[PDB]
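> so I pulled this structure from the PDB, and the sequence comes with it:
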Amino acid sequence: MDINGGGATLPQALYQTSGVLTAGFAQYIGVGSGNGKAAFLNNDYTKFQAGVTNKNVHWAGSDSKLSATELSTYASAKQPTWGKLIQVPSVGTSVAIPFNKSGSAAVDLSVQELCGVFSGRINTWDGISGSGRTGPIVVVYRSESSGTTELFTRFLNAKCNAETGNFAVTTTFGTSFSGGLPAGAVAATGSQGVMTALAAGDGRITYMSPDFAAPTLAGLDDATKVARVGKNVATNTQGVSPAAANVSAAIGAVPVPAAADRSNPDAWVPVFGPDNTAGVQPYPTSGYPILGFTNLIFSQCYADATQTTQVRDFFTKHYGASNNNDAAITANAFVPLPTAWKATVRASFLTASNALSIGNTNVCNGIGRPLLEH
């Protein structure tokens, strides 16, 4: 049986790029981070393929961090027989703001305008300064539990201090703003579903994986289709595009988890958030401001030896110093992890002697996620 993964749609085109997943891996199934987490945590393949129960779930992609409850429940229910779960960043990513409203003038949002658009305070194109555009704004958002929503609401939570209400960090955008959704907002499902909805009506705007926000990488720099963010009219400062190069420095500056915390899966996923707050990376002052990580969730242990080897071989490639996935990562509008980050991941999850290593012959002795489904 193949190793089965799925979840987050933000990186789905990356994981579906030929050669990114290695031998034994089934093609990645994009269903959203909420579904990905549920699939892994409950070993429930129906969260990947509705109506299909005959297979196990081996890993998930998620841009939503595992919650305290998700972690504690897995540790009590599954860890004794399946081993520790592993949660690790896969790549860095911007969050793009694509929109459907024609005009040669560049759409460049100040952070406060972004806040106003997504709170409903600014609901006309005239209300974005220098937009060259008029008429209603319709916000498109993710209907389901979405890691893109989590990455985006982390930014709104950190920055939107001047609304009639505030944004909570959440995976369901419909519940983020305490003052509710903007009138006329449209829900859609998946990264691609949202982009389809974006095109289905004039004047629509959304938040989006940079790999889906434009059909080509250069399209991310087209401010007639993908908004610049970071405008400051008073200081005559232009916003910038969500191209990977505009978040690469900020991603590169994120510290590896503290050694003493590495047995805690929560410690492995850096999150951005408010300024001057320990445990949280501040949003960058230069380049493009909206960014975060998308992550992998695996088991340390698989009952089956072949599955264990195949998982290790994937980690060897994805976190390899050489012969890795970095070119594909860049091609998909994402930021490769720094060399030192890759080394830290390998040291814990690959290097045999480490207590956290996949297939550790002592720690995983007689334990692991099951071969057969039942």
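That came in fine, so what should we check first? Residues are numbered from 1 along each chain as shown.
> what segments of this structure are strands?
5-7, 29-30, 59-62, 85-94, 99-100, 108-109, 138-142, 186-188, 204-205, 228-229, 272-273, 281-282, 291-299 (DSSP state E).
> could you say which one of those strands comes nearest to residue 237?
Between residue 237 and the strands of the chain, the tightest spacing by CB to CB is seen for strand 108-109, at 9.7 Å. Using the backbone N, CA and C atoms, a C-beta is placed for each residue, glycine as well.
> strand partners of that closest one, parallel vs antiparallel please.
With DSSP bridges as the test, strand 108-109 is paired with strand 228-229 (parallel).
> how far is the strand it pairs with from where the chain is centred?
Counting by CA atoms, centre = their mean, to the nearest Å, strand 228-229 is centred 19 Å from the centre of its parent chain.
> what of stretch 297-316?
Taking CA atoms, centre = their mean, the mean C-alpha location of stretch 297-316 is offset from the chain mean by 22 Å.
> just the endpoints, please. Distance across it?
Using CA to CA, to the nearest Å, the end-to-end distance of stretch 297-316 comes to 16 Å.
> what residues sit buried inside that stretch?
Residues of stretch 297-316 classed as buried: 297-304, 307-308, 310-312, 314-315 (neighbour count, 16 or more other CB atoms under 10 Å).
> contact partners of it?
1, 3, 7, 21-25, 36-37, 40, 58-62, 66, 82-88, 345-346, 349-350, 356-360, 363-364, 367-371 (CB atoms under 8 Å, 6 or more residues apart in numbering).
> who are the contact partners of residue 338?
By CB under 8 Å, 6+ apart, the contact set of residue 338 is 251-252.
> what's it sitting at in phi/psi?
When read as degrees, to the nearest 10, the backbone of residue 338 gives phi -60, psi 150.
> wait, residue 239 touches residue 228, no?
Yes. Residue 239 lies in contact with residue 228 (CB atoms under 8 Å); the separation is 3.5 Å.
> check the offset of stretch 210-226 from the chain's centre.
Per CA atoms, centre = their mean, the centroid offset for stretch 210-226 relative to its chain is 18 Å.
> what are the buried residues along that stretch?
210-214, 217, 219-221, 223-226.
> and stretch 351-364, by the same measure?
356-360, 363-364.
> neighbours around residue 164, how many?
Residue neighbour count, defined by other CB atoms under 10 Å, stands at 10 for residue 164.
> tell me the contacts of the closest residue to it other than its chain neighbours?
The shortest distance from residue 164 to any residue other than its chain neighbours is 5.4 Å, reached at residue 179 (CB to CB, 6 or more residues apart in numbering). By CB under 8 Å, 6+ apart, residue 179 lies in contact with 119-120, 163-165.
> go on, residue 9?
Counting by CB under 8 Å, 6+ apart, residue 9 touches 30-32, 146, 148, 190-192, 209, 212.
> roughly how far does it sit from residue 271?
Distance, residue 9 to residue 271, using CB to CB, to the nearest Å: 20 Å.
> can you list the domains in the protein?
1-94+244-374, 95-243 (curated CATH domains).
> how far away is residue 327 from residue 77?
Counting by CB to CB, the gap from residue 327 to residue 77 is 39 Å.
> could you find the closest non-adjacent residue to residue 83?
Using CB to CB, 6+ apart, the closest residue to residue 83 is residue 301 (3.1 Å).
> residue 249 now?
Counting by CB to CB, 6+ apart, the residue nearest residue 249 is residue 287, at 5.9 Å.
> my guess is the one you found contacts residue 246, does it?
Yes. With contacts counted by CB under 8 Å, residue 287 reaches residue 246, the gap being 4.6 Å.
> intersection of neighbour lists for those two?
With CB under 8 Å, 6+ apart as the test, residue 287 and residue 246 both reach residue 240.
> these two: who's more crowded?
Neighbour totals were compared for residue 287 and residue 246, and residue 246 leads with 24 against 19 (other CB under 10 Å).
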